[PDB]
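J.: Chains as they are written, first to last, in PDB author numbering: chain I, 15 to 206; chain H, 15 to 206; chain G, 15 to 206; chain J, 15 to 206; chain K, 15 to 206; chain N, 15 to 206; chain O, 15 to 206; chain P, 15 to 206; chain Q, 15 to 206; chain R, 15 to 206.
Number of protein chains: 10
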Amino acid sequence: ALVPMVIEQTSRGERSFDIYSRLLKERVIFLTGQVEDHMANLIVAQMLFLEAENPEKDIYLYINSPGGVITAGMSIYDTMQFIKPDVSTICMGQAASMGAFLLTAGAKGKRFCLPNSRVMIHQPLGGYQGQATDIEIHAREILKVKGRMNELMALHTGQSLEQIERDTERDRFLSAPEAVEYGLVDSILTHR
Amino acid sequence: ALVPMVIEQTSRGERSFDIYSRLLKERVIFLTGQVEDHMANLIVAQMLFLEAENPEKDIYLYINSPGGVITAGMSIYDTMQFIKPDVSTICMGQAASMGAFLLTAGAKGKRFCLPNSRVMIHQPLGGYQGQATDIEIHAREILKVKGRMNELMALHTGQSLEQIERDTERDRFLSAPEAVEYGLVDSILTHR
Amino acid sequence: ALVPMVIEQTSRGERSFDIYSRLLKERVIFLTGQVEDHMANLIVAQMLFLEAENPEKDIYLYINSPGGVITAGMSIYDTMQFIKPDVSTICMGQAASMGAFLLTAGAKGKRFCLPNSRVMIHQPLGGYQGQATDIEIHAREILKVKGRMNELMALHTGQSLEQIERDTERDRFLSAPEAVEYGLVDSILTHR
Amino acid sequence: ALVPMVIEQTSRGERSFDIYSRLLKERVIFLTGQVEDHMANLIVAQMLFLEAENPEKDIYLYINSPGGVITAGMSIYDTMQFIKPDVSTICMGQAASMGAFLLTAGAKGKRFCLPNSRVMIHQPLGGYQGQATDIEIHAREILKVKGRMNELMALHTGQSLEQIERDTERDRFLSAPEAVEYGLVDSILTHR
Amino acid sequence: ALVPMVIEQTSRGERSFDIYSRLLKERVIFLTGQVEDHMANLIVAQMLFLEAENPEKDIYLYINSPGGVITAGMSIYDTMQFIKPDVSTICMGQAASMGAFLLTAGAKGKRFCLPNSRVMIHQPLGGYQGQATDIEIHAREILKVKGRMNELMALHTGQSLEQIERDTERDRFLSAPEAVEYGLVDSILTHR
Amino acid sequence: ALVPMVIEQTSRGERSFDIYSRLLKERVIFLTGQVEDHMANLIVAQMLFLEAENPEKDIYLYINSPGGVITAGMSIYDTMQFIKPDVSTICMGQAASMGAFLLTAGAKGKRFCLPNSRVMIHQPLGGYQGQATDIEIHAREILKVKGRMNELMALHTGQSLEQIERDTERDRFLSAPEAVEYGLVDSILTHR
Amino acid sequence: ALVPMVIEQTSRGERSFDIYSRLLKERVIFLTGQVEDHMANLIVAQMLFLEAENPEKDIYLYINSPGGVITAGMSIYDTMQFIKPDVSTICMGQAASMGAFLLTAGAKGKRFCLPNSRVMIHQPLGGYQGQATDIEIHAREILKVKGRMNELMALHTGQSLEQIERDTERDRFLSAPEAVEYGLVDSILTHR
Amino acid sequence: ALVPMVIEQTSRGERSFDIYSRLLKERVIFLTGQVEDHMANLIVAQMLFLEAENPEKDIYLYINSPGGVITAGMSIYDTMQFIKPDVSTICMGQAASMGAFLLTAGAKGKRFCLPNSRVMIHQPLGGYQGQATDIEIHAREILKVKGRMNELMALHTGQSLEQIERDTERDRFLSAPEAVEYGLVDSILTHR
Amino acid sequence: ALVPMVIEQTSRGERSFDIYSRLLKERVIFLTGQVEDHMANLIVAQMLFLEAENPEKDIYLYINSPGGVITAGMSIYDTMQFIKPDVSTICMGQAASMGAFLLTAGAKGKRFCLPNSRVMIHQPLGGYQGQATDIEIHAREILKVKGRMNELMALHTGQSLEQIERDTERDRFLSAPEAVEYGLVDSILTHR
Amino acid sequence: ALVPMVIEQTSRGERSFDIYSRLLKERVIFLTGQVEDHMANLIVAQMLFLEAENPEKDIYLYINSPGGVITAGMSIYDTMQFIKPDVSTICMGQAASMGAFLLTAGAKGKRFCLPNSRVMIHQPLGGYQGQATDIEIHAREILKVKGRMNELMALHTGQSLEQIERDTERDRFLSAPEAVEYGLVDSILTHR
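(1) For the beta strand (DSSP E) containing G47 (chain Q), list its first residue and its last residue.
(2) Return the chain-ordered list of same chain residues with a C-beta closer than 6 Å to the C-beta of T204 (chain Q), the five sequence neighbours on each side being excluded.
(3) Here's a check: name, in chain order, each residue in its chain whose Cβ is nearer than 7 Å to the Cβ of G197 (chain G), leaving out the five neighbours to either side.
(4) Taking only the alpha-carbon atoms, compute the straight-line gap between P99 (chain K) and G113 (chain K) and give it to the nearest angstrom.
(5) Looking only at DSSP bridge pairs, what is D32 (chain P) linked to?
(6) Measure the C-alpha to C-alpha separation of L64 (chain Q) and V199 (chain Q) and round it to an integer number of angstroms.
(7) In the DSSP assignment, the beta strand (DSSP E) including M88 (chain R) goes from what residue to what residue?
(8) Are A146 (chain I) and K160 (chain P) touching if we call contact CB-CB under 8 Å?
(9) Please state whether DSSP places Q137 (chain O) in a helix, a strand or coil.
(10) Just verifying my parser: in three-state terms, what is the DSSP assignment at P191 (chain O)?
(11) Ends of the beta strand (DSSP E) at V199 (chain R)?
(12) On the criterion of 16 or more Cβ atoms from any shown chain inside 10 Å, does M106 (chain J) qualify as buried, or is it exposed?
(13) Pick from J:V42, J:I57 and J:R41: whose alpha carbon is nearest that of residue 9 (chain J)?
(14) Going along chain H in order, which residues have a C-beta closer than 9 Å to the C-beta of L38 (chain G)?
This is the structure in structure tokens:
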């Protein structure tokens with residue numbers, strides 16, 4: 015019973031559903047832990063599934079994540095922009111590195127975070143071993159990636175590009191009220 | 015049978031339910047072991063689930079935990095303070111560190127612990143490796159967290175902030191009667 | 015087939031039940047292996063369930079275990095004392111250390127053990143590493159626990175406190191007839 | 015609950031399927047992780063299954079993978095060309111190495127990638143230990159494969175063979191707009 | 015969801031089968047990965063099952079494998095020859111070593127491979143440690159096996175025995191068109 | 015040459031001694047690295063040897079060390095106090111923990127440190143595992159040692175005892191000028 | 015001979031020394047590999063030994079090292095400044111990090127490097143684990159060291175302090191001509 | 015006897031030196047195995063020692079090595095160019111990578127190799143992990159080194175710079191007669 | 015005493031040499047173990063040393079070794095062919111692979127083996143991992159070496175090249191008299 | 015003092031020799047432990063050394079050995095037969111396997127063993143992994159050795175060849191009196 019069962023009444027009222035499936039039914043998706051490929055593929059499958067179910071309703075994404083692989087994370091980034099319905103992202107716990115990136119990518123006006131949460135941002139990491147010529151190729155690609163993400167942060171936050179450039183040089187930590195002022199989230203949820 | 019099944023009768027019931035799901039129906043949630051992200055993620059889902067079923071009834075949270083990750087613990091804390099119904103926390107076994115933190119966060123007047131339990135509190139731990147510049151950044155963040163945790167302790171317990179500041183310098187152990195006197199819990203359950 | 019199925023009859027049933035669930039239904043709980051947090055947590059859930067189904071009948075606890083974590087063991091102890099129906103404990107195989115402690119915690123007149131069983135008792139173990147200041151703090155806490163466990167032994171067995179302290183300095187082994195004379199159990203079951 | 019369940023209505027409505035089975039029903043297949051033999055044996059079974067279900071409709075293949083074993087990739091490669099309905103390949107995240115090989119192999123006019131994706135191509139890798147005579151045999155086989163892979167790239171992309179030969183000498187990275195101009199994909203999906 | 019489910023309508027309409035069972039029903043068996051005892055044992059059970067289901071219809075065996083244990087593989091070989099209906103083998107990906115051996119053992123006129131596949135053949139491997147007397151016994155046995163394997167290759171392929179012996183001295187790789195000319199397969203499948 | 019040889023002339027001039035023996039001859043002892051039993055024993059043998067050669071002349075002890083095991087360190091301390099000639103201690107690099115303790119134990123008026131050195135002091139560390147009874151014994155002994163070390167610090171430095179106790183609760187770092195003002199050393203050497 | 019012996023004539027001519035001792039005799043000291051405590055201690059012993067032999071003659075220090083422990087490096091630095099004769103440093107191979115620091119510490123007008131050498135400089139690294147209180151203490155100390163390290167660079171190179179701070183934020187590599195222009199060395203040696 | 019002793023007569027005849035010292039006396043230095051810091055440091059000492067002994071006589075350097083660290087190899091190179099007597103290099107066994115570089119650095123007209131030797135040349139290897147900004151710094155530095163090594167090859171061999179760049183793209187193996195035509199060596203030694 | 019000392023008299027009788035040096039003095043060199051770089055390097059030094067001592071006298075090389083790395087072995091081979099005095103090679107125990115190669119390279123008429131010895135010959139081994147292009151480069155170099163080694167076997171033994179080529183396809187073992195007939199050695203030593 | 019020094023008087027009397035060198039002087043050689051190549055090589059060097067010293071006097075070889083590699087051991091065997099003076103072998107402790115082989119190889123009439131020593135003999139051990147073709151080559155190679163070892167045993171002991179072959183199929187143990195009767199040794203030593 016790592017994951018409990020719940021029961022809901024309908025017509026027949028017989029069906030029971032793993033608590034996470036019960037939430038998927040209500041259009042709630044959770045993103046937790048490291049961002050990698052298998053995890054991300056599952057999240058994308060859930061979004062495509064909900065898009066098909068009802069193209070006219072919002073999807074709520076709950077984020078609590080330390081970061082992860084950029085390539086994997088970008089498949090979520092693009093799915094969210096490609097599917098028709100809005101995705102509203104809510105930050106709880108933490109949204110760091112790639113987690114923060116996806117958090118700001120939610121529908122404008124619908125980006126919210128709980129009051130004791132933390133958001134942290136920073137330039138991408140990477141590395142390589144090989145011949146001097148291969149090193150050059152791989153170095154150029156990571157720099158292009160850094161530049162591209164810098165452009166997307168400016169687009170979603172409203173900050174100038176140069177300001178974004180300075181702010182990601184070293185780990186930058188933001189409290190929930192700062193994330194609001196900075197422009198990463200629109201508001202802080204407080205009480206029901 | 016790591017987890018046994020139980021049987022209940024209702025309308026046409028029948029229906030068997032893993033003993034932990036049987037208790038979820040009674041609005042009982044257990045929090046045990048280390049506080050981490052996957053566990054915490056699941057508890058939050060359970061609280062949202064109960065909040066939706068009946069916004070007007072109390073949720074009982076059983077705590078028996080040695081401590082854990084602060085970020086994960088804060089996710090739980092913020093949900094408890096958001097959802098409409100009261101959460102009544104009961105400490106059994108131990109509530110140490112972050113576990114103690116969540117124990118006192120329950121609804122006022124409803125924080126209760128069993129007579130042979132133990133509660134322990136202490137300032138947060140952490141660390142880092144890197145360039146002197148990055149060490150500075152990370153040191154500032156841990157100090158801010160320490161400060162925030164102390165304010166929340168003072169708020170929930172009624173102690174002055176300085177008293178909280180002195181008492182968490184080193185591990186402080188409290189017996190159940192001491193937790194009551196100090197202000198971490200309101201009362202001790204004895205016999206039905 | 016690690017755990018076999020059994021079939022029972024009722025009205026319409028039939029009904030197949032993991033052999034351990036079949037016994038939970040008869041108000042029988044088994045406690046085996048090391049006492050720890052996850053397992054203890056489950057024992058507690060089972061006792062609360064049975065208490066609700068029929069507050070007027072006894073619960074039988076079968077004990078066969080080498081010992082374990084005191085904190086986890088205390089949660090079981092407090093629940094046994096809190097709930098309304100008597101809990102009758104039966105020792106088979108062995109009841110050592112924390113296992114022996116819980117054995118004597120059963121309802122008076124209802125503590126029974128099988129004739130070739132063994133009971134062993136001893137003062138608690140522990141340890142620590144750190145600054146001399148931290149060592150003192152932790153040393154005091156273990157001594158407080160030792161004192162508390164002795165009080166409870168004296169209370170439940172009828173021995174004076176001084177006698178309990180002398181007898182637990184080093185491991186002490188008792189045969190079933192010795193446990194009866196000493197006061198840990200009330201009687202020995204032989205043949206039906 | 016690693017994979018959530020979804021419920022759909024039909025006549026009776028008794029349909030409960032893991033989200034991936036639910037999407038197979040809509041003719042969507044995902045390819046993620048390394049390309050190997052057990053995985054690229056399940057994809058083949060799924061494509062054959064869909065071909066029979068309806069020989070006149072498109073199959074959608076989502077590709078997000080770093081590369082893999084050429085043999086495994088080739089059984090997929092040949093099945094896609096053999097079966098009657100078009101396979102439309104969509105690149106998300108990354109399509110590197112053998113992953114890119116399969117991406118370009120989809121139906122003409124239907125090869126598309128999301129805007130922040132990456133495609134990377136390069137000559138095949140391998141190795142051997144043994145007698146000089148065996149080394150020669152194995153060296154020849156890998157060179158034949160390199161030659162064959164280059165012909166297939168030229169066929170599908172429209173580049174001359176010599177241009178393909180010059181571009182795969184070292185890891186070549188292409189951004190989504192570059193893949194379009196180069197000829198690996200036909201277009202970029204933007205919004206539904 | 016490692017293996018997806020598929021639904022099939024009949025009379026009443028309730029059929030849910032793992033995709034691999036769905037294909038067994040169509041008389042398709044898949045042989046992949048290393049050939050060993052447990053897997054070989056399952057392939058034989060499936061063939062006997064189909065033989066009984068309908069003695070007058072062909073069985074299709076899909077082969078994609080690097081090789082394996084001769085002893086285990088020979089139990090598949092003998093079953094294929096014993097049973098009544100023809101077994102048609104199709105090579106995809108690769109058929110190396112023992113894989114190639116089983117490939118050519120299918121019904122004459124029905125051995126077919128896909129165009130980008132590879133087939134590789136070689137003399138058997140083995141080894142031993144022990145006293146000089148034991149080494150001799152084990153050396154003789156492996157040589158008898160080499161002899162028997164060559165006779166069967168010559169029988170099924172039409173090559174003279176001497177030609178088979180020369181060609182298996184060292185790893186020999188054959189492309190799909192060569193396998194056809196050599197006589198390992200009868201033809202190459204192209205498009206539906 | 016992990017350690018080089020040097021040549022000096024006396025009478026006949028045939029003197030080639032390892033560089034460390036050459037300096038022992040000038041009544042110079044180097045103490046570096048962790049202070050543990052085998053190494054400390056050698057430091058003591060060297061001091062006894064020098065005392066015998068000339069009871070009226072000073073011995074120079076160079077200190078550069080991160081810490082030690084205390085017991086070993088005390089045998090060095092007591093020897094320095096017991097032998098007749100003054101031991102003048104010089105701190106280069108660092109003198110932490112036990113190293114700092116021995117540094118201040120040098121003859122009054124002769125404690126000196128180089129200008130870019132660091133001195134750090136703190137209360138002793140330790141630990142134990144066992145029965146609650148043994149834990150008590152070991153905890154008492156470490157506290158007695160802490161007390162004794164503080165008395166010796168106050169004696170040698172001129173600080174009040176109360177001040178020493180407060181200052182060793184947490185690691186305290188002192189720059190060379192701070193060591194002078196505090197009273198750990200008498201002066202800073204500058205240039206010959 | 016891991017290290018060869020050489021023969022030199024004097025008076026009787028019976029002189030056979032380890033080539034490194036032969037060079038110590040010419041007032042040549044080599045500093046190579048990581049800078050740590052045991053090796054640094056030896057370098058200091060050699061300099062004291064040479065200072066005693068002839069206070070009026072220059073000592074030559076050859077440097078080829080990647081870096082090391084700051085504390086160990088400082089004991090070398092202070093001895094060089096303390097002893098009377100000029101120490102002339104020569105860089106061959108590389109002088110990185112702490113090695114670069116010691117290189118510039120040589121007598122003004124006598125710092126020289128070979129033409130294909132490399133010099134690299136950066137801010138110091140460090141780290142720590144523990145209670146938030148201890149983290150603060152250790153973070154403060156590393157920052158103080160960083161500050162001290164910048165003052166000495168500016169002192170020896172003639173650069174302004176602000177310029178030094180900017181230039182050590184991230185590793186900066188200098189070719190031999192750059193080291194001269196920047197002021198780390200006075201000149202480049204070419205041919206005897 | 016890892017290394018044997020040999021006897022030679024001068025005056026008194028009492029000379030028994032390790033065979034390698036015996037050859038150092040004849041101005042012969044051997045460079046074997048990987049080039050690294052400690053070994054390179056020793057070669058430099060031998061070369062300086064021989065220059066002093068007799069500035070007018072050639073030094074013979076035997077090379078047999080697979081390659082090594084560029085920095086260490088460069089300190090050898092600079093010494094060869096700095097010291098006054100010519101250094102004649104002779105290659106036996108192999109001179110690969112950095113080993114080949116040093117081979118060509120010998121005095122013009124005196125570079126010679128044995129007839130069955132092999133010489134191999136290639137571009138520098140390296141790598142790095144860290145932030146995109148740090149990658150940018152290190153990648154640039156390895157490219158600067160590559161450029162410098164190519165200039166030195168062209169200078170010593172007489173090849174144009176463009177020709178050197180093309181030839182070091184991938185491992186290039188040369189036989190002794192090829193090394194002569196290319197210009198890495200002046201001639202092949204045959205028989206005494 | 016892994017290696018014993020022996021005493022011999024010349025003039026004053028003061029000669030005590032390691033038994034291996036005692037035999038080096040008689041112009042005897044032993045070759046045992048694998049032929050690698052460091053060991054081969056020592057043999058070359060010994061042969062150069064003996065050549066200088068007396069250019070007109072034979073050098074005896076005892077061979078007992080299982081194999082080697084070829085490159086190191088070729089430096090031994092070239093030295094034997096360069097130095098003026100004949101080298102007489104004697105095989106005892108075994109001369110396999112590279113050992114056999116060096117055995118046959120000795121002076122004609124002076125190659126001899128003991129009667130119970132074994133000689134074994136085979137084509138060279140090697141391997142490589144990497145891009146298909148690099149595999150091709152490395153795969154060519156190993157074949158050039160195979161070619162050259164066969165050319166030298168034929169030259170020294172008198173066998174035709176075609177015959178050598180056939181005989182080294184697989185391990186070929188020869189007894190002492192067979193080696194004589196084949197032409198690897200000139201004769202068998204029997205008794206003094 | 016792993017090995018002690020001993021003093022002897024000769025002429026002047028300045029003689030101090032390791033105890034093993036002292037015994038070599040008396041023509042005593044010890045063979046102990048496993049037989050391998052580095053060890054065997056030393057024994058041969060010692061025997062060649064003694065043969066030269068005095069061709070007319072016996073050499074004593076003490077054997078105490080569990081066995082070892084035949085190839086290495088045969089180099090001792092052949093040297094013993096080649097050199098002019100008789101070699102007398104004495105067995106103490108044990109002479110097993112190859113150790114027994116060498117024991118009987120001593121001069122006829124001079125093979126002696128101590129009364130509680132034990133001797134054990136058995137056919138050769140070995141093994142191989144590879145292609146069936148290589149297995150055959152290596153298997154024949156070990157059988158030839160078995161045959162040759164059998165001939166030599168019969169030659170030295172006087173047993174017929176058929177008897178030797180029957181006796182070595184399984185480990186055969188002989189007490190000292192049986193070794194004498196069998197013919198492995200000539201007699202048993204008793205007391206001086």
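A virtual CB, placed ideally from N, CA and C, is assigned to each residue, including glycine.
T.: Quick look at the numbers:
(1) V42 to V49
(2) Within the same chain, no residue comes within 6 Å of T204 (chain Q) by CB-CB distance, once the 5 residues on both sides are set aside.
(3) Cβ neighbours of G197 (chain G) beyond the five flanking positions: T171, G172 and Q173.
(4) 21 Å
(5) P:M19
(6) Roughly 24 Å separates the two Cα atoms.
(7) Per DSSP, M88 (chain R) belongs to no beta strand (DSSP E); it is in the alpha helix (DSSP H), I84 to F96.
(8) yes
(9) For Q137 (chain O), the three-state secondary structure derived from DSSP is coil.
(10) Reduced to three states, the DSSP call for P191 (chain O) is helix.
(11) Neither: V199 (chain R) is in no beta strand (DSSP E) and is coded neither H nor E.
(12) buried
(13) The structure shown has nothing for residue 9 (chain J), since chain J only spans 15 to 206.
(14) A15, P18, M19, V20 and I33
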